[PDB]
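A.B. asks: The following block contains the structure, expressed as structure tokens.
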Amino acid sequence: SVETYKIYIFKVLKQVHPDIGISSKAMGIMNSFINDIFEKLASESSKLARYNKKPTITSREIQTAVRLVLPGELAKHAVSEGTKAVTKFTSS
Amino acid sequence: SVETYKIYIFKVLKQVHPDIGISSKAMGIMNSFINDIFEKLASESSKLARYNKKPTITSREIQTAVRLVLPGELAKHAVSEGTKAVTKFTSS
Amino acid sequence: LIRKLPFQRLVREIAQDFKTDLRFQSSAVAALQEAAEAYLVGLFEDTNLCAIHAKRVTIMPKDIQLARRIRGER
Amino acid sequence: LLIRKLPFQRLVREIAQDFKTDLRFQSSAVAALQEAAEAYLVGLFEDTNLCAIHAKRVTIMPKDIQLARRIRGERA
Amino acid sequence: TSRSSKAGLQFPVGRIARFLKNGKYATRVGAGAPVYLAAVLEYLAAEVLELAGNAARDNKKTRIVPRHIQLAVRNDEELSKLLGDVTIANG
Amino acid sequence: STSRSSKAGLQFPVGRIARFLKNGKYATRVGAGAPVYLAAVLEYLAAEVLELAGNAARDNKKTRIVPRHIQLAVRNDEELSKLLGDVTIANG
Amino acid sequence: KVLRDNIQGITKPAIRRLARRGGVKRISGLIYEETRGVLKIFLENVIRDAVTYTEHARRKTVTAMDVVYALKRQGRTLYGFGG
Amino acid sequence: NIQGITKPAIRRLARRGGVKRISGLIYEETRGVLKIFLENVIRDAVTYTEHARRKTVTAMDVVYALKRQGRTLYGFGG
DNA sequence: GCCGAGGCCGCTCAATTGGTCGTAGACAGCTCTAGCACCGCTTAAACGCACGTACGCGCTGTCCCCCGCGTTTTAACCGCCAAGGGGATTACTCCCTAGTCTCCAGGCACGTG
DNA sequence: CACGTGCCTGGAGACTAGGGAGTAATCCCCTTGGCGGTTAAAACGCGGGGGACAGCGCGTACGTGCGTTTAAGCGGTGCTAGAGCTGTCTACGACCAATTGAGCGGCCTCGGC
């Protein structure tokens, strides 16, 4: 009835650490963290779209939001991962 | 070309202090102050309609934004003035 | 660390001055208690730093006052 | 202003060199940065003075600045 | 007549209305929202200007300069918390 | 019938993120590379938090992440603490 | 049913345990009243914002989301009580 | 170029804040603090310049960068 | 005394007033969850008092290291000129995304070793 | 708490139709660079006295233990206020076309600092 990132967080866990599990409360906390980060990036992207009078939200807006809301090394690695994903999606 | 709060601030100034004048840089600072407060009370009124699936910014949203942004006694006086203005507008 | 029922009474007393005839959810009181305990523990950490600065070990109200001054709380 | 303009402008350019090569700066940008920087340093020095008075002193040392920054939250 | 005379306000209701429409804040703006920002954006201007004029009087001047506005912001307990750490050019 | 998450190489749902960006009224239009960029930044962030939490749990000779272990991941890395500020985790 | 003198429900051992968890080794006898005052100010801010949110939604009950949003306005993000 | 923020400049800034006597080791720490502050602000400003497809840093970019840090600045194009 | 604040004047891009249309919000009803009030017994935490010694704090002395001053050095600053990158605006063609319907499998709950 | 099975609501493919963003050309501002003079500020050395820091002794006030007292946590019962959801209708706000005066740039003139 309610949409949560439980399956995907479980998959990411199974990739980073194959021998550790998650309690239900830990899944709730991780879901809250993901929603908070998503809201923080979406609101910033909306503000940048509104300030520049841009009707649409593109990958460049999200890249700037990432570089503005995350600290340094996290921002660099996130930008690298996002550009990799966008290139792999456009090419294929 | 560039719309500014210049006549209005002067009119308000010649109501509390009829004998004190004001400089152009003070116009700049007051216009910036009014813009900052306006975008604060507009951003916090849009976030109170989005997080309620309500497509309208009514006076209730503006009152909640006023009570959430301004400090205590300042907020109380502001909500009093706004309620007075809305009552006068609806009546006449 | 804080007893649940006295904290509930204190929260209701404070809320009375803002809106009368008000009701609470249990989750609300639990959240307030968690936040208050975290805030006080952080304040005591900064107070201990201020006390260490002045070459003593016993924390005193002036340490709290200085920590809240630097923090910007009024 | 308490900082000379040319050294601050050179410092700002040197810092910005590490984020993108071949930047140009407007005069207004350097002026705003200088104003903000001076205000920040004055506030930090006020807090440092309170810290120094707390330790029964009139001469501020780096430990006072470190404590002020740590309570503020800038250093962690 | 005008929408500011109905509310007895010195600030533009219509200009605030379009600033709160064309800014894509929400799809629909109410009729009482622009007459509530205008009445709140005028009390705050009145308070700041009153404090700035008081500062100008204390310095034996007839004009409000940026320095007076900075003094008014710093002395008022409430206005300092609303704006945070505000640096005013030529202050 | 290949999903947009498979075209990019992600586990987070690109389509769900796009639908969240479209019904949240962030902008009237949303591009094709914005859903694929958040769905990667969020995946990287979840992987980082899960890796640190799993390390904390493994150091405590446990093999199942519990809410306290997340509060030790975010309160040892300076970047996560600066990204989330004062974060308090329930049952931690 | 007037409520008064409930601030003394934050007993001396409670403040003392909070200070111990924060690393304090010695506590002067004057810390307690200051702790009551500081806690009261913090609670007043949070409860004011929470009641504002409650009265926005036309409710007579303060819910967990109201407190969470009030704390989030203060930069004190809280997880585990919903979202 | 950090040495351009000289000893008397730091001393004047301290006197503006009310400091009566300044130790000899304050200057290096002050220079480090100033570098950190400028690094943060300039990072945000350069991000904003990148968003606009520009090669010049404008006043509005610095104003926005300082607004992200709670350092509201008035009189430079607000 | 004179240069930045005040009043006057012509001119375009709003704000208003008036209608019509579709849908968002106010309002009435009803169903069940959960918040408040109460009671009784248990017992864990708070409280008051006493005693000892840990340490805050005032005083004294010594060395060191900032501060004010005089002199020499240096590079900020003002003024002027040149030259040219790139910020700001506009006009065009084309590719991206919103809205729809058909097709079907990923992802929510629920019962399981 | 993993793991298996049925279902149903939302994501995907294909298509067409406007309109926003990419992209090329232009104008003319603002930034960057160089140079020479003056001159204000920075740098260096030095003498001294103010203050930082260590040591020491006193007596205040904290921490720990022990016995007593308070009231918090728990488990049941009871009841009703009001949260959540659904349905229906009237009223309010977006849109668009005509009307008309408030507010923005330019000027000239004139008194506070």
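Lettering and numbering for the structure tokens are positional, with chains as A, B, ... in the shown order, residues counted from 1 in each chain, and ligands counted from 1 in the shown order.
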Any idea what's packed within 12 Å of residue 104 (chain J), counting only C-alpha atoms (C1' of nucleotides), ignoring anything in its chain fewer than 5 positions away? Could you give it as a PyMOL selection string?

C.D. replies: (chain B and resi 1-7) or (chain I and resi 10-14)

A.B. asks: Can you write just those residues out, N, CA and C atoms (P, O5', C5', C4', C3', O3' and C1' of nucleotides), as a compact mmCIF listing (two decimals), in the first residue's frame?

C.D. replies:
```txt
# COMPACT_ATOMS: atom_id res chain seq x y z
N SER B 1 11.95 49.25 -16.07
CA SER B 1 12.47 47.94 -16.42
C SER B 1 12.53 47.03 -15.20
N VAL B 2 13.33 47.42 -14.22
CA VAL B 2 13.49 46.66 -13.00
C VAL B 2 12.54 47.15 -11.95
N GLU B 3 11.52 46.36 -11.61
CA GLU B 3 10.55 46.74 -10.59
C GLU B 3 11.18 46.66 -9.21
N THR B 4 10.98 47.71 -8.41
CA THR B 4 11.57 47.80 -7.09
C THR B 4 10.57 48.38 -6.10
N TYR B 5 10.76 48.04 -4.83
CA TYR B 5 10.01 48.64 -3.73
C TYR B 5 10.74 49.91 -3.33
N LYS B 6 10.47 51.01 -4.02
CA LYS B 6 11.10 52.27 -3.67
C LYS B 6 10.09 53.31 -3.20
N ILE B 7 8.95 53.45 -3.89
CA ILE B 7 7.94 54.40 -3.45
C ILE B 7 7.26 53.91 -2.19
P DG I 10 4.38 67.02 -19.70
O5' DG I 10 4.68 65.62 -20.43
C5' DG I 10 5.80 65.48 -21.29
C4' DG I 10 6.14 64.03 -21.67
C3' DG I 10 5.08 63.28 -22.50
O3' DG I 10 5.80 62.47 -23.42
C1' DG I 10 5.44 62.18 -20.46
P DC I 11 5.24 61.11 -24.06
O5' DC I 11 5.53 60.05 -22.89
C5' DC I 11 6.73 59.29 -22.80
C4' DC I 11 6.47 57.77 -22.73
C3' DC I 11 5.55 57.23 -23.83
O3' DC I 11 5.74 55.85 -24.03
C1' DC I 11 4.46 57.19 -21.74
P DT I 12 5.30 55.12 -25.38
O5' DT I 12 5.31 53.56 -24.99
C5' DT I 12 6.43 52.97 -24.34
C4' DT I 12 6.03 52.18 -23.07
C3' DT I 12 5.23 50.91 -23.37
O3' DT I 12 5.59 49.92 -22.44
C1' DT I 12 4.05 52.22 -21.89
P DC I 13 6.42 48.62 -22.87
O5' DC I 13 6.00 47.55 -21.75
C5' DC I 13 6.36 47.75 -20.39
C4' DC I 13 5.18 47.61 -19.41
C3' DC I 13 4.51 46.25 -19.45
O3' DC I 13 4.24 45.97 -18.10
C1' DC I 13 2.90 47.90 -19.61
P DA I 14 4.68 44.62 -17.37
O5' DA I 14 3.34 43.74 -17.36
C5' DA I 14 2.45 43.68 -16.25
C4' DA I 14 2.17 45.01 -15.51
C3' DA I 14 0.96 44.89 -14.62
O3' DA I 14 1.25 45.37 -13.33
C1' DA I 14 0.67 46.63 -16.23
```

A.B. asks: Which residues are close to residue 49 (chain A), i.e. within 12 Å by only C-alpha atoms (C1' of nucleotides), leaving aside same-chain residues fewer than 2 positions away? Reply as a VMD selection string.

C.D. replies: (chain A and resid 42 to 47 51 to 62 64 to 65) or (chain E and resid 23 to 24) or (chain F and resid 25 to 30) or (chain H and resid 51 to 52)

A.B. asks: Kindly determine which residues of chain G lie within 7 Å of chain A, considering only C-alpha atoms, and give the answer as a PyMOL selection string.

C.D. replies: chain G and resi 79-80+83

A.B. asks: Identify all chain I residues at most 12 Å from chain F by counting only C-alpha atoms (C1' of nucleotides); ligands do not count. Present them as a compact mmCIF listing (two decimals) with C-alpha atoms (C1' of nucleotides), in the first residue's frame.

C.D. replies:
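Generated output (selection-v1.txt):
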```txt
# COMPACT_ATOMS: atom_id res chain seq x y z
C1' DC I 96 13.01 16.18 -26.60
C1' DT I 97 9.05 15.20 -23.33
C1' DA I 98 4.00 15.37 -22.27
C1' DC I 103 0.43 -4.87 -23.27
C1' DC I 104 2.40 -7.49 -19.20
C1' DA I 105 5.61 -8.25 -15.54
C1' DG I 106 7.90 -6.15 -11.30
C1' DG I 107 6.84 -5.43 -6.57
```

A.B. asks: Would you kindly return, as number ranges by chain, each protein, DNA or RNA residue with an atom no farther than 12 Å from any atom of residue 69 (chain J), considering only C-alpha atoms (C1' of nucleotides) and excluding same-chain residues fewer than 3 positions away?

C.D. replies: I: 45-48

A.B. asks: Grab the residues selected above and save them as a PDB file, in the first residue's frame with N, CA and C atoms (P, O5', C5', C4', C3', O3' and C1' of nucleotides).

C.D. replies:
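Everything below was put into part34.pdb:
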```
ATOM      1  P    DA I  45      15.863   1.539  38.601  1.00  0.00           P
ATOM      2  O5'  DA I  45      15.652   3.065  39.014  1.00  0.00           O
ATOM      3  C5'  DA I  45      14.623   3.830  38.429  1.00  0.00           C
ATOM      4  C4'  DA I  45      14.264   5.018  39.309  1.00  0.00           C
ATOM      5  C3'  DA I  45      15.448   5.940  39.540  1.00  0.00           C
ATOM      6  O3'  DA I  45      15.020   7.244  39.227  1.00  0.00           O
ATOM      7  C1'  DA I  45      14.413   5.304  41.589  1.00  0.00           C
ATOM      8  P    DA I  46      15.953   8.528  39.360  1.00  0.00           P
ATOM      9  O5'  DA I  46      15.427   9.233  40.689  1.00  0.00           O
ATOM     10  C5'  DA I  46      14.142   9.805  40.745  1.00  0.00           C
ATOM     11  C4'  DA I  46      13.817  10.375  42.125  1.00  0.00           C
ATOM     12  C3'  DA I  46      14.766  11.465  42.595  1.00  0.00           C
ATOM     13  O3'  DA I  46      13.925  12.454  43.161  1.00  0.00           O
ATOM     14  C1'  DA I  46      14.720   9.690  44.139  1.00  0.00           C
ATOM     15  P    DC I  47      14.443  13.839  43.766  1.00  0.00           P
ATOM     16  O5'  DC I  47      13.898  13.788  45.265  1.00  0.00           O
ATOM     17  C5'  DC I  47      14.057  12.628  46.043  1.00  0.00           C
ATOM     18  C4'  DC I  47      14.016  12.931  47.530  1.00  0.00           C
ATOM     19  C3'  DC I  47      14.988  14.031  47.894  1.00  0.00           C
ATOM     20  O3'  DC I  47      14.455  14.611  49.048  1.00  0.00           O
ATOM     21  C1'  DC I  47      15.794  11.914  48.616  1.00  0.00           C
ATOM     22  P    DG I  48      14.942  16.017  49.614  1.00  0.00           P
ATOM     23  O5'  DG I  48      15.613  15.585  50.997  1.00  0.00           O
ATOM     24  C5'  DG I  48      14.876  14.967  52.032  1.00  0.00           C
ATOM     25  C4'  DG I  48      15.840  14.359  53.051  1.00  0.00           C
ATOM     26  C3'  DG I  48      16.875  15.364  53.535  1.00  0.00           C
ATOM     27  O3'  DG I  48      16.785  15.425  54.943  1.00  0.00           O
ATOM     28  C1'  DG I  48      17.876  13.326  52.832  1.00  0.00           C
TER      29       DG I  48
END
```

A.B. asks: May I have all residues of region 27-85 of chain F that DSSP, computed from the backbone, assigns to alpha helix (DSSP H), given as a PDB file with N, CA, C and O atoms, in the first residue's frame?

C.D. replies:
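Saved result, states.pdb, follows:
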```pdb
ATOM      1  N   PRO F  35      15.985  11.449 -13.920  1.00  0.00           N
ATOM      2  CA  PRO F  35      15.678  10.213 -13.188  1.00  0.00           C
ATOM      3  C   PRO F  35      16.822   9.218 -13.153  1.00  0.00           C
ATOM      4  O   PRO F  35      16.877   8.404 -12.223  1.00  0.00           O
ATOM      5  N   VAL F  36      17.733   9.254 -14.117  1.00  0.00           N
ATOM      6  CA  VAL F  36      18.824   8.296 -14.191  1.00  0.00           C
ATOM      7  C   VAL F  36      20.046   8.796 -13.412  1.00  0.00           C
ATOM      8  O   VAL F  36      20.974   8.033 -13.149  1.00  0.00           O
ATOM      9  N   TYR F  37      20.015  10.037 -12.953  1.00  0.00           N
ATOM     10  CA  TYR F  37      21.141  10.615 -12.236  1.00  0.00           C
ATOM     11  C   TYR F  37      20.928  10.561 -10.730  1.00  0.00           C
ATOM     12  O   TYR F  37      21.846  10.183  -9.989  1.00  0.00           O
ATOM     13  N   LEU F  38      19.721  10.900 -10.260  1.00  0.00           N
ATOM     14  CA  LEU F  38      19.348  10.661  -8.871  1.00  0.00           C
ATOM     15  C   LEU F  38      19.361   9.186  -8.513  1.00  0.00           C
ATOM     16  O   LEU F  38      19.795   8.838  -7.414  1.00  0.00           O
ATOM     17  N   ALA F  39      18.874   8.317  -9.391  1.00  0.00           N
ATOM     18  CA  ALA F  39      18.832   6.895  -9.100  1.00  0.00           C
ATOM     19  C   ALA F  39      20.216   6.283  -8.968  1.00  0.00           C
ATOM     20  O   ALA F  39      20.339   5.165  -8.456  1.00  0.00           O
ATOM     21  N   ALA F  40      21.256   6.985  -9.410  1.00  0.00           N
ATOM     22  CA  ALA F  40      22.635   6.559  -9.232  1.00  0.00           C
ATOM     23  C   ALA F  40      23.296   7.224  -8.038  1.00  0.00           C
ATOM     24  O   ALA F  40      24.018   6.560  -7.283  1.00  0.00           O
ATOM     25  N   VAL F  41      23.053   8.520  -7.839  1.00  0.00           N
ATOM     26  CA  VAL F  41      23.590   9.200  -6.666  1.00  0.00           C
ATOM     27  C   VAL F  41      23.028   8.582  -5.393  1.00  0.00           C
ATOM     28  O   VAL F  41      23.761   8.343  -4.420  1.00  0.00           O
ATOM     29  N   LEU F  42      21.727   8.295  -5.383  1.00  0.00           N
ATOM     30  CA  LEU F  42      21.091   7.686  -4.223  1.00  0.00           C
ATOM     31  C   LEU F  42      21.629   6.286  -3.970  1.00  0.00           C
ATOM     32  O   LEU F  42      21.833   5.893  -2.817  1.00  0.00           O
ATOM     33  N   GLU F  43      21.855   5.516  -5.037  1.00  0.00           N
ATOM     34  CA  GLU F  43      22.427   4.183  -4.885  1.00  0.00           C
ATOM     35  C   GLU F  43      23.827   4.243  -4.295  1.00  0.00           C
ATOM     36  O   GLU F  43      24.166   3.456  -3.404  1.00  0.00           O
ATOM     37  N   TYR F  44      24.648   5.177  -4.770  1.00  0.00           N
ATOM     38  CA  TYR F  44      25.987   5.328  -4.214  1.00  0.00           C
ATOM     39  C   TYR F  44      25.932   5.712  -2.741  1.00  0.00           C
ATOM     40  O   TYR F  44      26.701   5.189  -1.924  1.00  0.00           O
ATOM     41  N   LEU F  45      25.033   6.631  -2.382  1.00  0.00           N
ATOM     42  CA  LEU F  45      24.925   7.049  -0.987  1.00  0.00           C
ATOM     43  C   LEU F  45      24.459   5.905  -0.093  1.00  0.00           C
ATOM     44  O   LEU F  45      24.987   5.715   1.012  1.00  0.00           O
ATOM     45  N   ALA F  46      23.471   5.135  -0.554  1.00  0.00           N
ATOM     46  CA  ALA F  46      23.011   3.986   0.216  1.00  0.00           C
ATOM     47  C   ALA F  46      24.120   2.961   0.373  1.00  0.00           C
ATOM     48  O   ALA F  46      24.284   2.374   1.447  1.00  0.00           O
ATOM     49  N   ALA F  47      24.903   2.739  -0.685  1.00  0.00           N
ATOM     50  CA  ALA F  47      26.026   1.816  -0.593  1.00  0.00           C
ATOM     51  C   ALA F  47      27.053   2.291   0.424  1.00  0.00           C
ATOM     52  O   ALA F  47      27.566   1.489   1.211  1.00  0.00           O
ATOM     53  N   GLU F  48      27.362   3.587   0.432  1.00  0.00           N
ATOM     54  CA  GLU F  48      28.332   4.108   1.391  1.00  0.00           C
ATOM     55  C   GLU F  48      27.843   3.939   2.826  1.00  0.00           C
ATOM     56  O   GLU F  48      28.589   3.461   3.698  1.00  0.00           O
ATOM     57  N   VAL F  49      26.591   4.321   3.090  1.00  0.00           N
ATOM     58  CA  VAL F  49      26.062   4.222   4.447  1.00  0.00           C
ATOM     59  C   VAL F  49      25.993   2.766   4.889  1.00  0.00           C
ATOM     60  O   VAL F  49      26.358   2.432   6.023  1.00  0.00           O
ATOM     61  N   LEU F  50      25.534   1.876   4.006  1.00  0.00           N
ATOM     62  CA  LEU F  50      25.479   0.460   4.333  1.00  0.00           C
ATOM     63  C   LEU F  50      26.860  -0.130   4.566  1.00  0.00           C
ATOM     64  O   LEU F  50      27.014  -0.960   5.463  1.00  0.00           O
ATOM     65  N   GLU F  51      27.868   0.287   3.800  1.00  0.00           N
ATOM     66  CA  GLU F  51      29.217  -0.217   4.008  1.00  0.00           C
ATOM     67  C   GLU F  51      29.761   0.192   5.369  1.00  0.00           C
ATOM     68  O   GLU F  51      30.297  -0.646   6.106  1.00  0.00           O
ATOM     69  N   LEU F  52      29.611   1.467   5.734  1.00  0.00           N
ATOM     70  CA  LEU F  52      30.100   1.889   7.044  1.00  0.00           C
ATOM     71  C   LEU F  52      29.323   1.232   8.183  1.00  0.00           C
ATOM     72  O   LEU F  52      29.919   0.819   9.188  1.00  0.00           O
ATOM     73  N   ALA F  53      27.999   1.112   8.048  1.00  0.00           N
ATOM     74  CA  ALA F  53      27.209   0.468   9.091  1.00  0.00           C
ATOM     75  C   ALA F  53      27.574  -1.002   9.236  1.00  0.00           C
ATOM     76  O   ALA F  53      27.644  -1.524  10.353  1.00  0.00           O
ATOM     77  N   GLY F  54      27.793  -1.692   8.116  1.00  0.00           N
ATOM     78  CA  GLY F  54      28.225  -3.073   8.182  1.00  0.00           C
ATOM     79  C   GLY F  54      29.595  -3.228   8.803  1.00  0.00           C
ATOM     80  O   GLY F  54      29.845  -4.198   9.519  1.00  0.00           O
ATOM     81  N   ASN F  55      30.502  -2.286   8.540  1.00  0.00           N
ATOM     82  CA  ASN F  55      31.796  -2.321   9.214  1.00  0.00           C
ATOM     83  C   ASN F  55      31.634  -2.161  10.719  1.00  0.00           C
ATOM     84  O   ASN F  55      32.273  -2.875  11.503  1.00  0.00           O
ATOM     85  N   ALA F  56      30.774  -1.232  11.142  1.00  0.00           N
ATOM     86  CA  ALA F  56      30.539  -1.046  12.571  1.00  0.00           C
ATOM     87  C   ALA F  56      29.935  -2.296  13.199  1.00  0.00           C
ATOM     88  O   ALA F  56      30.308  -2.683  14.311  1.00  0.00           O
ATOM     89  N   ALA F  57      28.996  -2.935  12.501  1.00  0.00           N
ATOM     90  CA  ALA F  57      28.387  -4.157  13.017  1.00  0.00           C
ATOM     91  C   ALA F  57      29.396  -5.294  13.091  1.00  0.00           C
ATOM     92  O   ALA F  57      29.403  -6.065  14.057  1.00  0.00           O
ATOM     93  N   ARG F  58      30.248  -5.421  12.073  1.00  0.00           N
ATOM     94  CA  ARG F  58      31.256  -6.475  12.062  1.00  0.00           C
ATOM     95  C   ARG F  58      32.262  -6.281  13.187  1.00  0.00           C
ATOM     96  O   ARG F  58      32.714  -7.256  13.799  1.00  0.00           O
ATOM     97  N   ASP F  59      32.632  -5.030  13.470  1.00  0.00           N
ATOM     98  CA  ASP F  59      33.521  -4.769  14.596  1.00  0.00           C
ATOM     99  C   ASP F  59      32.891  -5.180  15.921  1.00  0.00           C
ATOM    100  O   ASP F  59      33.609  -5.553  16.856  1.00  0.00           O
ATOM    101  N   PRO F  67      19.696  -0.585  14.384  1.00  0.00           N
ATOM    102  CA  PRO F  67      19.741   0.885  14.424  1.00  0.00           C
ATOM    103  C   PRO F  67      20.912   1.564  15.122  1.00  0.00           C
ATOM    104  O   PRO F  67      21.267   2.680  14.737  1.00  0.00           O
ATOM    105  N   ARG F  68      21.511   0.948  16.140  1.00  0.00           N
ATOM    106  CA  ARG F  68      22.668   1.583  16.760  1.00  0.00           C
ATOM    107  C   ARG F  68      23.852   1.635  15.805  1.00  0.00           C
ATOM    108  O   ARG F  68      24.619   2.603  15.826  1.00  0.00           O
ATOM    109  N   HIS F  69      24.005   0.619  14.953  1.00  0.00           N
ATOM    110  CA  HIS F  69      25.137   0.558  14.039  1.00  0.00           C
ATOM    111  C   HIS F  69      25.089   1.645  12.976  1.00  0.00           C
ATOM    112  O   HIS F  69      26.145   2.081  12.506  1.00  0.00           O
ATOM    113  N   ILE F  70      23.896   2.087  12.579  1.00  0.00           N
ATOM    114  CA  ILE F  70      23.794   3.210  11.657  1.00  0.00           C
ATOM    115  C   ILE F  70      24.217   4.512  12.323  1.00  0.00           C
ATOM    116  O   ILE F  70      24.853   5.355  11.678  1.00  0.00           O
ATOM    117  N   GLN F  71      23.919   4.683  13.608  1.00  0.00           N
ATOM    118  CA  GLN F  71      24.326   5.866  14.352  1.00  0.00           C
ATOM    119  C   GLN F  71      25.826   5.905  14.614  1.00  0.00           C
ATOM    120  O   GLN F  71      26.353   6.967  14.957  1.00  0.00           O
ATOM    121  N   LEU F  72      26.527   4.783  14.452  1.00  0.00           N
ATOM    122  CA  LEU F  72      27.980   4.779  14.504  1.00  0.00           C
ATOM    123  C   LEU F  72      28.629   4.960  13.143  1.00  0.00           C
ATOM    124  O   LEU F  72      29.806   5.327  13.082  1.00  0.00           O
ATOM    125  N   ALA F  73      27.900   4.714  12.057  1.00  0.00           N
ATOM    126  CA  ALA F  73      28.425   4.994  10.728  1.00  0.00           C
ATOM    127  C   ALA F  73      28.412   6.491  10.441  1.00  0.00           C
ATOM    128  O   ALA F  73      29.370   7.040   9.888  1.00  0.00           O
ATOM    129  N   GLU F  78      33.044  12.191   8.882  1.00  0.00           N
ATOM    130  CA  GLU F  78      32.730  13.612   8.980  1.00  0.00           C
ATOM    131  C   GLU F  78      31.803  14.061   7.859  1.00  0.00           C
ATOM    132  O   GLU F  78      30.962  14.945   8.068  1.00  0.00           O
ATOM    133  N   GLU F  79      31.935  13.466   6.674  1.00  0.00           N
ATOM    134  CA  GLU F  79      31.133  13.878   5.529  1.00  0.00           C
ATOM    135  C   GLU F  79      29.652  13.589   5.746  1.00  0.00           C
ATOM    136  O   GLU F  79      28.801  14.440   5.463  1.00  0.00           O
ATOM    137  N   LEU F  80      29.322  12.401   6.257  1.00  0.00           N
ATOM    138  CA  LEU F  80      27.924  12.080   6.520  1.00  0.00           C
ATOM    139  C   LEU F  80      27.339  12.962   7.613  1.00  0.00           C
ATOM    140  O   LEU F  80      26.183  13.390   7.512  1.00  0.00           O
ATOM    141  N   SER F  81      28.116  13.245   8.659  1.00  0.00           N
ATOM    142  CA  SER F  81      27.648  14.121   9.724  1.00  0.00           C
ATOM    143  C   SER F  81      27.422  15.543   9.233  1.00  0.00           C
ATOM    144  O   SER F  81      26.468  16.197   9.666  1.00  0.00           O
ATOM    145  N   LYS F  82      28.279  16.039   8.339  1.00  0.00           N
ATOM    146  CA  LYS F  82      28.062  17.349   7.742  1.00  0.00           C
ATOM    147  C   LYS F  82      26.894  17.356   6.767  1.00  0.00           C
ATOM    148  O   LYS F  82      26.235  18.390   6.619  1.00  0.00           O
ATOM    149  N   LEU F  83      26.619  16.228   6.117  1.00  0.00           N
ATOM    150  CA  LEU F  83      25.482  16.114   5.217  1.00  0.00           C
ATOM    151  C   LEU F  83      24.152  16.045   5.951  1.00  0.00           C
ATOM    152  O   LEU F  83      23.157  16.582   5.451  1.00  0.00           O
ATOM    153  N   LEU F  84      24.111  15.414   7.124  1.00  0.00           N
ATOM    154  CA  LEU F  84      22.868  15.258   7.865  1.00  0.00           C
ATOM    155  C   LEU F  84      22.756  16.143   9.097  1.00  0.00           C
ATOM    156  O   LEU F  84      21.665  16.227   9.669  1.00  0.00           O
TER     157      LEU F  84
END
```

A.B. asks: Could you write out as number ranges by chain the residues of chain D within 12 Å of chain J, counting only C-alpha atoms (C1' of nucleotides)?

C.D. replies: D: 2-4, 22-28, 55-61

A.B. asks: Residues of chain H no more than 12 Å from chain I, counting only C-alpha atoms (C1' of nucleotides): send them over as a list in words.

C.D. replies: residues 4, 20, 21, 22, 23, 24, 25, 52, 53, 54, 55, 56, 57 and 58 of chain H

A.B. asks: Considering only C-alpha atoms, state which residue in the set E:31, E:87, E:51, E:77 is at the smallest distance from chain C.

C.D. replies: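 Ranked by minimum distance to chain C, first place goes to E:77.
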
A.B. asks: Assign secondary structure with DSSP using the backbone only, and return the residues of chain F in strand (DSSP E or B) as a PDB file with C-alpha atoms, in the first residue's frame.

C.D. replies:
```
ATOM      1  CA  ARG F  29       8.710  19.178 -17.240  1.00  0.00           C
ATOM      2  CA  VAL F  30      11.299  16.543 -16.305  1.00  0.00           C
ATOM      3  CA  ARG F  64      22.893  -8.176  11.401  1.00  0.00           C
ATOM      4  CA  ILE F  65      22.723  -4.380  11.251  1.00  0.00           C
ATOM      5  CA  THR F  88      19.218  11.323  16.102  1.00  0.00           C
ATOM      6  CA  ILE F  89      18.295   7.706  15.365  1.00  0.00           C
TER       7      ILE F  89
END
```

A.B. asks: Which residues are close to residue 18 (chain I), i.e. within 12 Å by only C-alpha atoms (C1' of nucleotides), leaving aside same-chain residues fewer than 6 positions away? Reply as a PyMOL selection string.

C.D. replies: chain J and resi 96-99

A.B. asks: Find the spatial neighbours of residue 30 (chain D), counting only C-alpha atoms (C1' of nucleotides), within a cut-off of 10 Å - ignore same-chain residues fewer than 4 positions away - and output them as a PyMOL selection string.

C.D. replies: (chain D and resi 5-6+8-10+12-13+25-26+34-36) or (chain H and resi 57-59+62)

A.B. asks: Within 12 Å of chain C, which residues of chain E come that close, and what is the closest atom pair and distance in Å for each? Count only C-alpha atoms and give it as a tab-separated table.

C.D. replies:
```
residue	atom	partner	partner_atom	distance
E:77	CA	C:74	CA	9.3
E:78	CA	C:74	CA	10.6
E:80	CA	C:72	CA	10.8
E:81	CA	C:72	CA	9.2
E:84	CA	C:72	CA	9.5
E:85	CA	C:72	CA	10.2
```

A.B. asks: With C-alpha atoms retained, write the just-selected residues as a PDB file, in the first residue's frame.

C.D. replies:
```pdb
ATOM      1  CA  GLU E  77      16.825  40.828  19.497  1.00  0.00           C
ATOM      2  CA  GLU E  78      14.078  39.598  17.171  1.00  0.00           C
ATOM      3  CA  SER E  80      18.834  39.580  14.446  1.00  0.00           C
ATOM      4  CA  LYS E  81      17.416  36.057  14.777  1.00  0.00           C
ATOM      5  CA  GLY E  84      20.843  35.517  11.162  1.00  0.00           C
ATOM      6  CA  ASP E  85      24.322  36.878  10.416  1.00  0.00           C
TER       7      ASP E  85
END
```
